[PDB]
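Undergrad:
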Amino acid sequence: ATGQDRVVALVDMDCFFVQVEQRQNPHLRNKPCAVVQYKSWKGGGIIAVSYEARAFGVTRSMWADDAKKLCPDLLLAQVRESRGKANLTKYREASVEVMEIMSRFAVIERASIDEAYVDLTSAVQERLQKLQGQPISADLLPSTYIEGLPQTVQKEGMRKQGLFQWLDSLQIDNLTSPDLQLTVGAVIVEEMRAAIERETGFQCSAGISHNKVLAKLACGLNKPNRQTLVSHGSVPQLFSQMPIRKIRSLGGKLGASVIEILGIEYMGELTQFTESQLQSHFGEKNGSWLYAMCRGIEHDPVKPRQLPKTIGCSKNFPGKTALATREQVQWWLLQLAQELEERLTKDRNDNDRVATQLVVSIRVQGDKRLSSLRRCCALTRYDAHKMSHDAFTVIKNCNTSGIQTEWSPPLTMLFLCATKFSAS
DNA sequence: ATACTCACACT
DNA sequence: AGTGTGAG
Ligand SMILES: O=c1[nH]c(=O)n([C@H]2C[C@H](O)[C@@H](COP(=O)(O)OP(=O)(O)OP(=O)(O)O)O2)cc1F
Ligand SMILES: [Ca+2]
Ligand SMILES: [Ca+2]
């Protein structure tokens, strides 16, 4: 089990929200700029940042006022606001564009609003046969980096050198060499990527490997507007100094405990442990997944799902803004059920499916976790009023206030979610 | 208080 | 069912 069965790619929309607004407003193209939401507070929090703006140190979670301190010629687009909260329609819609083009080439998994995994095992098999036996022109990979290769002084210099090496050592006669499949996979991704940009104007990076995690790690190595092949053979040296926290799902607490317990720092340092040990420290499934991953093996399938599994509407009310009156909780649930209803009706008409479960979650001042309480009822009709009232019914009892007009403790968050979808 | 999203595991 | 993690 060498984990070279599949060709898997993870494509990612370079500063997606910023590209979207930059396509709409040319006055913003190729400048330092960024997208924000809610300009009243500290100029708005920063959700996406161009690569010009990034050369000045500007990042996500920055206030725009703090970003302007680092970059005074930084341009700003603000997220649409509808009904008192941020409306993301524009960006969901722009994703839909990208995702539909990708599904022309292979079956994709929407991982996020702006990245999809692709399984190319099958597409590569087709391309191999129509390719008789001829070599792969370097010209077929004009934006592809080969990891660990080469082994000049300007960047594109070295990218040619490494691609030339890779291709030169390529065994194009054997149609089963995993390194050949990786290559063709990537040639397809150049095509796939070439079509995204011609047809949308959006640029994107991609990672090409054998499983979902490597695909994603590879994709971050050579951003923006480039794609990186990570062969199986580049993994020992890639992982030799790769920080554990850089692998998907190891950015969190689990990854932190991998580090403290075993006293290590880098993905490759896990190879020194037997599976039984890794299973003893982190569980049967984490030890197994970790044992396989330090060696570049992960079997997580690319799941066919170009479409989400839930539709969620949320607002936070930090600080003095926390809803303290019964009537207010009604008015924001009403706002929520409204964007929910309007978004759902498009989902039934665009995708032939209905939801049946309403999820209602709220946060409470003083509570430390994202959600303080989730509740659920049945969702029967796409009516804003029914939905907010029903959201209210299932949460009134949490009002600790004796008075009926107040709400204590003040609410710091309201969350609604349509789940459990079904064919219409 | 970036803030608002989504998937999935665990129980 | 709810809760919690990890990610965008
Ligand atoms: O926390 C978040 N909140 C949040 O709204 N988004 C939104 C904004 C972003 O444009 C889009 C994609 O997220 P990315 O993490 O991939 O960042 P990009 O801006 O696309 O650039 P790149 O991948 O580095 O080239 O989702 C991401 C978050 F991570
Ligand atoms: Ca992206
Ligand atoms: Ca992304």
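Numbers 2 to 152, 160 to 432, taken from the deposited numbering, label the letters of the first sequence in order.
Every residue, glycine too, gets a C-beta built ideally from N, C-alpha and C.
1. Could you tell me whether the segment 179-189 touches the segment 202-210, using the rule of 3 or more Cβ pairs below 8 angstroms?
2. Does the Cβ-Cβ distance between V310 and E110 come in under 7 angstroms?
3. For ligand 3, which residues have a Cβ under 6 angstroms from at least one heavy atom, in chain order?
4. Look at the alpha carbon of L175 and the alpha carbon of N182, and state the distance between them as a whole number of angstroms.
5. Cutting at 7 angstroms between CB atoms, please list the residues of its own chain near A117, excluding the five before and the five after it.
6. Can you give, in chain order, each stretch of the alpha helix (DSSP H) that sits fully within the segment 283-351 and has at least 4 residues?
7. Would you mind working out which of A54, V36, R55 and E53 sits nearest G46, comparing C-alpha positions?
8. When we look at the beta-carbon of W339 and count the other beta-carbons within 10 Å, is it buried (16 or more) or exposed?
9. Helix, strand or coil, according to DSSP, for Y92 in the structure here?
10. From the DSSP output, read off the bridge partner residues of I204.
11. Considering just the uninterrupted stretch of the beta strand (DSSP E) at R84, what are its terminal residues?
12. For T420, which residues from the same chain have a beta carbon less than 6 angstroms from its beta carbon, with the 5 sequence-adjacent residues on both sides left out?
13. Excluding the 5 residues preceding and the 5 following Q5 in the sequence, name in chain order all residues of the same chain whose CB lies nearer than 7 angstroms to its CB.
14. CB of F17 to nearest heavy atom of ligand 2: below 6 angstroms?
15. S432 and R361 look like a contact to me (Cβ under 8 angstroms); what is the Cβ gap, rounded to whole Å?
16. With hydrogens ignored, establish whether the beta-carbon of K220 is closer than 6 angstroms to any heavy atom of ligand 1.
17. For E277, is the classification buried or exposed, using 16 other Cβ atoms within 10 angstroms of its Cβ as the cut-off for buried?
18. Thinking just about the alpha-carbon of each residue, which of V161, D115 and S138 is nearest to the one in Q173?
19. Using CA atoms only, rank isn't needed, just tell me which of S369, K69, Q38 and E148 is closest to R382.
20. How big is the Cα-Cα spacing for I114 and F18?
21. Rank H393, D67 and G215 by C-alpha distance to the C-alpha of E349 and give the top, closest one.
22. Using only alpha-carbon positions, find the residue among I255, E347 and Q346 that is nearest to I305.
23. So, helix, strand or coil for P417, using DSSP?
24. If you count every other CB in all the chains shown that lies within 10 Å of the CB of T160, and 16 or more means buried, which is it?
25. May I ask you to check if the CB of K40 is nearer than 6 angstroms to at least one heavy atom of ligand 1?
26. Let me make sure I understand the geometry here. Which of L378, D355 and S396 has the alpha-carbon closest to that of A386?
27. What do you reckon, is the C-beta of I109 under 6 angstroms from a heavy atom of ligand 1?
28. Near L142, which residues of its chain fall below 7 angstroms by C-beta distance, leaving aside the five closest residues on each side in sequence?
29. Could you tell me whether the Cβ atoms of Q130 and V80 are closer together than 7 angstroms?
30. Tell me whether residue 158, by its Cβ, gets closer than 6 angstroms to a heavy atom of ligand 1.
31. Only counting the same chain, and skipping five residues up and downstream in sequence, which positions put a Cβ closer than 7 angstroms to that of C302?
32. Nearer than 6 angstroms: is that true of the beta carbon of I47 relative to any heavy atom of ligand 1?
33. Under the assumption that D15 contacts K231 (Cβ atoms under 8 angstroms), give the Cβ distance between them as a whole number of angstroms.
34. Just checking my contact of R234 with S144 at CB under 8 angstroms: how many whole Å lie between their CB atoms?
35. Which residue marks the beginning of the beta strand (DSSP E) containing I147, and which one marks its end?
36. Would you grab the beta carbon distance between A54 and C34 for me? Rounded to a whole angstrom, and I think it's under 8 angstroms.
TA: Straight from the coordinates:
1. no
2. yes
3. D13, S113, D115 and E116
4. 14 angstroms
5. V12, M100, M103, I109, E110 and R111
6. 283-290 and 292-301
7. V36
8. exposed
9. helix
10. Per DSSP, none; premise fails for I204.
11. That residue, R84, is in no beta strand (DSSP E); it is neither H nor E in DSSP.
12. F325, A330, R371 and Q373
13. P186, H218 and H240
14. yes
15. 5 angstroms
16. no
17. buried
18. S138
19. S369
20. 10 angstroms
21. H393
22. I255
23. strand
24. exposed
25. no
26. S396
27. no
28. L171, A194, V195 and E198
29. no
30. A break in the chain separates 152 from 160, and the residue in question, residue 158, sits inside that break with no coordinates.
31. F247, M275, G276, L278 and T279
32. no
33. 6 angstroms
34. 5 angstroms
35. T145 to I147
36. 6 angstroms
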